[PDB]
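So the chains spell out like this:
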Amino acid sequence: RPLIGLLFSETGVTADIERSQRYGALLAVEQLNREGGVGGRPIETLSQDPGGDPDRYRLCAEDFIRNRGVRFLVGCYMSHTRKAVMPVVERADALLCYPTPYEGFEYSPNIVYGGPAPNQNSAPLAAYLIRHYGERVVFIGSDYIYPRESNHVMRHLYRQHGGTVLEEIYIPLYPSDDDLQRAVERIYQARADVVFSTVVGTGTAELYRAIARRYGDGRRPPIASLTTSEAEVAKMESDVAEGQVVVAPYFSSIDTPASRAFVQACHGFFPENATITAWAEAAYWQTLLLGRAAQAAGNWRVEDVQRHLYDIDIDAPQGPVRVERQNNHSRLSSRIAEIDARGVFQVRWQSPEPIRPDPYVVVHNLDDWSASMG
Amino acid sequence: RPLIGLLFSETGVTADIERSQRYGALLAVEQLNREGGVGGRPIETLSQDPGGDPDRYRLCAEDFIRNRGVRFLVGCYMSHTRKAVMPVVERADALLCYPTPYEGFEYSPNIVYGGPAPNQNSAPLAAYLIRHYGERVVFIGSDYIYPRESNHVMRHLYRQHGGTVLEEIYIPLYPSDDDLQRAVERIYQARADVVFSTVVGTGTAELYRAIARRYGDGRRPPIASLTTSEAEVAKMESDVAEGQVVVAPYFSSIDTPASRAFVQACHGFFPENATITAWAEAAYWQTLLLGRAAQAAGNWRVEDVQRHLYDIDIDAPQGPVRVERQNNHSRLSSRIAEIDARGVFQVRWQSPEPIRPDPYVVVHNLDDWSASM
Amino acid sequence: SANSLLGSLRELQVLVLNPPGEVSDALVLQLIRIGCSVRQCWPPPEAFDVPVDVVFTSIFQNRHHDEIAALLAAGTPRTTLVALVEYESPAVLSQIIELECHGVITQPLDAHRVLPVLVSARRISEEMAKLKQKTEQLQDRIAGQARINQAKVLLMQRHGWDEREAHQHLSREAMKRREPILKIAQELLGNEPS
Amino acid sequence: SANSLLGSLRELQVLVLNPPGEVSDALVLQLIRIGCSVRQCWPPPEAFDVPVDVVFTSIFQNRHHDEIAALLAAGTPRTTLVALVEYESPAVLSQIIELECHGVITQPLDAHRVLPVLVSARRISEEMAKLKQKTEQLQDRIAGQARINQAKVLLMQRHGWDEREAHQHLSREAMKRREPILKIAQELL
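Residues numbered from 1 in each chain as written, not as in the entry; some residues may be left out. Chains lettered and ligands numbered in written order. Part of a larger assembly, values for the part shown. Heavy atoms only, no water. Residues with missing side-chain atoms left out of burial classes, pairs and counts.

Going by what the PDB entry lists, chain B is known as AMIC and is assigned to Pseudomonas aeruginosa. The record deposited in the PDB is entitled "Amide receptor of the amidase operon of Pseudomonas aeruginosa (AmiC) complexed with the negative regulator AmiR". UniProt's Function comment on chain B is quoted here verbatim: "Negatively regulates the expression of the aliphatic amidase operon. AmiC functions by inhibiting the action of AmiR at the protein level. It exhibits protein kinase activity." According to the UniProt record, the Subunit comment for chain B is "Homodimer. Forms a complex with AmiR." (UniProt positions renumbered as here; feature names shortened; annotations may be inferred.)

You'll find chain A entered in the PDB entry as AMIC, with Pseudomonas aeruginosa given as the organism.

> I would appreciate a short explanation of the sheet that holds strand 11 (residues 314-315) of chain B in the present structure.
Strands in a sheet are paired, the pairing made by backbone hydrogen bonds, and the direction either parallel or antiparallel. Residue and element names in this part refer to chain B. Within the open sheet, the three strands sit side by side as 11-12-13. Their pairing is antiparallel. If you trace the sheet from one side to the other, it starts and ends with strand 11 and strand 13 (330-331), each paired once. For strand 12 (residues 320-323) and strand 13, the ladder comprises two bridges, and the chain directions are antiparallel. By the bridge assignment for strand 13, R322 is matched with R331. (Pairing = 2+ DSSP bridges. Helix = DSSP H or I, 4+ residues; strand = E, 2+ residues; numbered from the N terminus.)

> Hey, could you run me through the domain arrangement of chain B in this one?
A common way to report how large an interface is uses the accessible area buried once the components associate. All names here are of chain B. Considered domain by domain, chain B is made up of domain 1 (2-116 + 256-332) and domain 2 (117-255 + 333-369). Computed over C-alpha atoms only, the centres of domain 1 and domain 2 are separated by 26 Å. Buried surface at the junction of domain 1 and domain 2, summed over both partners, amounts to about 3300 Å²; 62% is from carbon and sulfur atoms. It is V13, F105 and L332 in domain 1 that bury the most area against domain 2; as a group they hold 20% of the surface buried on that side. Counting across the domain 1 and domain 2 interface gives two salt bridges. Among the ionic pairs, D16 bridges to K235, the shortest N-O distance being 2.9 Å. Of all elements in the fold, only helix 1 (15-34), helix 3 (79-92), helix 10 (257-269), helix 11 (278-297) and strand 13 reach the threshold of two or more residues within the side of domain 1 that touches domain 2. Considering every element that reaches the side of domain 1 that touches domain 2, the biggest residue donor is helix 10, with five residues. Its residues assigned to classes, the side of domain 1 that touches domain 2 shows 18 nonpolar, 16 polar and seven charged. (Domains from an automatic or database assignment. Buried area = accessible area lost by both parts, 1.4 Å probe. Salt bridge = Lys/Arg side-chain N within 4 Å of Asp/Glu carboxyl O. Nonpolar A, V, L, I, M, F, W, Y, C, P; charged D, E, K, R; others polar.)

Here it is, written out as structure tokens:
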């Protein structure tokens, strides 16, 4: 049975981006079913809502693999939700596509990483920030492993290039009102040139609004984020969102027919409460790759499908992508964008070509990015 | 299902003992069906022959799980064959019944250990040998992990109780006649009071015959073994086997109603090339336990069946047995026998009550056995 | 010794410093199968109230980080430390380096990882602790000879005594007082000095 | 130093001293993803040939055990040692203890187990080498201090000089003959 299990929250702290991933994956299934399904048989999907809880992700993965015969999964966002599912898929010899940016330092034979490792997003973003913004920075992130690992690198990068990391603040994943106010007051008391955010999900919008109001509605330090997506920026007033900085392989404003085709496809298929994001883009291309690899194999056997996966370079909405057989990570484009006054993402820099993944690199050499940014 | 996968060699170096394990389980399945199968249907079996090759036990285990829908297995003998299958069953949440003696120091939630850990056979045997036989011992084993680990424990025990380990010789699994001849010559030049053998499978009979003939007439030291079973002894001539000492939870000479029922069931079910052994008895009681646990759970799911197996006592042919939920090992009887001139196993010592398993114990206190010996 | 290390495992007092749950249960039950005396413990205490030979801990980034790092730094010099690791990432591996673990178990753990890491980590912590101790013994000896040396020189100047006299006095004073000869020097000394 | 330790993993020269096969393969592939320079060797040689910082090996019940043992006994002490272990029984574990591993990886191996063990074992072996180096430095220092002190008493008592005077004289001659203070002191003694 060509059945893809979709493990994306519907509820919880990251519900917006993960609903976005779910529809991107569903969009692909639909397109694959118009291309002949898998050997005449239509591709089916099964969805469960783990609600951002790592233990519920594990339980949903276990239900799918144990009781539904699922061997192909698309899902997970926050890194600890990936860690909770990983062992289940590896013991069942299943294949999980993770269309999410992450901290790196992982190799799983059963995981196809469709989102960037730090050499593909944080590094270029660090080079950019040190290049254009003042060197006194203040960090604010949600309290879980990804923002913490992401801050661990950024802290070291700024100190190496003559910067000062004034405050490094963490707030809980569903941050109370007091949490935000205390955090914003510290940000306001540090007088930073830039705010580097790693806050993820619900509370992102409120955070950016509180920074906004707090400041004397005047030439605040800009917010540069590794995590904020289009789903968070749509919840922001025009003036709050304006001038904020964001990084991703894809932005709905990209100027290509491939990007245009994806926007249109998403607009006529996604619900009202599901914004297009870079992670919907990644769920789409990965789910699409799965289907074509299966079509080329003629079956739905992980071993057969998987073999055909490393050989199919796809034409994704972001540009051309492929999965490297050596590390299960992908060759991804990387864009840095500044939000204009009408809430639109203006790409300010792009890597000249897709960046090859190197999840374990410890020393990020920022000189790599001198030519293309200055 | 109810489909049990039997993972026992029919060929290779331990084919004689594994064939009898396989038949002990087949016999239990026949008995389980006469007692009603499970949830109305008859229990089936699917057998696969790995030929004593660890890589092939692994591949067959995978074939059972990936392509035959099997989640219950009964199998494995040499320890490297168990290690090869363990990960496959653990990843699948399957269950393997291992009706075989071993080196201890393992715990898998997915393996039911039906044969003795060293506190259940080596320790008592050591106590017995040090009490009744000379302090000069030469060791001879097959070259793989179990004989090596067994000898590590045994040599410490002898050295710590006044004895002298004169030589530790290793021959390959399936020894050549050259191998056997050189081993035997070293056994003879060493002049031991007792030969401690951990030789496994084919080549055991020939080894014992070659020891016997090397000495001709003249006192020859007796051979005590942790590994020789009834199947190897049946390939020996009467005078070659006479005087040898073997250890096991079960011997076919036991004269109890349960033991005689088992002997007669084996004689009516075993083909002629399959000798009754302690490991056939182990495979038998484990398979029965499993089918009964399944009847109590009312289904064929690992979680439900496994739960119920820690709570059922079995009147095995050896005596009462049970599997301890704390470690998956079993409470087992323990007997030391001496072969007579007619090839029959005369029990000379038996633990007073089943020995509780303690597979990680490092220090074996032989004083434990002084009162019953 | 290999045999003395293997034979002593059942006398080790093991602590599982980790929130109660499946990881903790399995870990405690395997240690109980190995035969160690074991206890689990959560939230991290300020000090252990009972002797501890080996600690198994998880690696936290929140407030439990500073609690665990402070508690473990307080422990006895032969305390074996094993970390339960879930990530291979820089911030997490740096904390394992900073805690000075003697072994690691990668998650999810299973029964098979336990004994080999325990034995292994225990020979490492035993060797390290003896090496450290020797370093400390040498440091102590260097400082102590320096202090005795400066008290002798202090006595020479004060009294017009040569070295033999100075040395004779210190010994006599130390010997008949039931206090090390270094105690006299320190009681004499107090240059607010070296 | 956690930072410098992590930052220098890509310069480590790692040797997988194990038979060709799936285990070696998977281990070499994960050491190349981490980024170390990685070679595989089998049968164990008698001396390395090229500098080796970290060796991964298995536990053999045969002559490769003694070969491997001798090979690393004679080798550079800063060579980190990691054993791939599949049994928990006493003879196998005794072998690990006698080889004095700095870390172990129980089988079956998988990629997740490698980096945490390589780093913790590398810290361990480097900390051992440092304590041994400090031990020699301190042994030399205690001895040196003694001869500087006996030479000082000698000058004091010879010339009717105070400690400070004896110290100024030693230092002066020392730093006028471009030699250690200790050499001057031992010359006097």
